[PDB]
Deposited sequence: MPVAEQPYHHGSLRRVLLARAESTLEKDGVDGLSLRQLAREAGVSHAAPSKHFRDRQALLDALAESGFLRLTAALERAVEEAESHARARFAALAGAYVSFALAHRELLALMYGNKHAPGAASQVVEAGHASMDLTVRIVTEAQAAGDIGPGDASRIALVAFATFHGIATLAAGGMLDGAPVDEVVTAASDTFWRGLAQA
């Protein structure tokens, strides 16, 4: 019935519903007013932009979480970690296509919220640290670890972009990720 003590927080409930609509209908199908009525006067969020910022922040937090798990799952050597991070990134991207578009669009919009910006920088910092550790272990050659990380990001975001766009022409995404990882590793390796 009423059930006054079996309610989730409005913030969490609205964010789960918003993400579901985002993935079905896209960002233009998102309405705070609709989501609030759908969740049966507070909408929690001050306005639509606060909702989008929250989704974007949550997206980065979850992407960072996924990369960290990939590292934990894999062997403790650089070649394995590089391979695991790449595969985890592409899987995330393909499982959360509309959220990922929102994450990147929001993060780089004029006046982007600092908590979104900080969350996005964390995912990248993780990668940069793994590259730096690889250089300290002497597995790869010298160079600016943030440029190395950036080339890796472009590579695997490029693969995810081709896959989402139907431009792999029948090459299984997993095989293209692996070929890109092997070639990258070889191009850096000592």
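Novice: Which runs of the deposited chain sequence never show up in the coordinates?
Specialist: Residues missing from the model, as numbered along the full deposited sequence, span 1-3, 44-48, 199.
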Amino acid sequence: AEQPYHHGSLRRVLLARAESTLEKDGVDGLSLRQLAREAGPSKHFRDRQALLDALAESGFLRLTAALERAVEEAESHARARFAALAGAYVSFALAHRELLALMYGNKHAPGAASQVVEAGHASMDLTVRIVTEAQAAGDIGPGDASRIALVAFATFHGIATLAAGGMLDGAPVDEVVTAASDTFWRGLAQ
From here on, numbers count along this sequence of modelled residues.
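Novice: Mean C-alpha B-factor higher for 41-49, or for 56-64?
Specialist: Between 41-49 and 56-64, it is 41-49.
Novice: Comparing average C-alpha B factors as deposited, tell me which of 94-102 and 69-77 sits higher.
Specialist: On average, C-alpha B-factors are higher across 69-77.
Novice: Rank-wise, by C-alpha B-factor, drop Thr155 into the lowest, middle or highest third of its chain.
Specialist: For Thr155, the deposited C-alpha B-factor lands in the lowest third.
Novice: If you rank every modelled residue in this chain by C-alpha B factor, which third holds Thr161: lowest, middle or highest?
Specialist: Its C-alpha B-factor belongs to the lowest third of this chain's values.
Novice: Per the entry's values, where does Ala149 land by CA temperature factor relative to the rest of its chain, in the lowest, middle or highest third?
Specialist: Lowest third - that is where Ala149 ends up once the chain's C-alpha B-factors are sorted.
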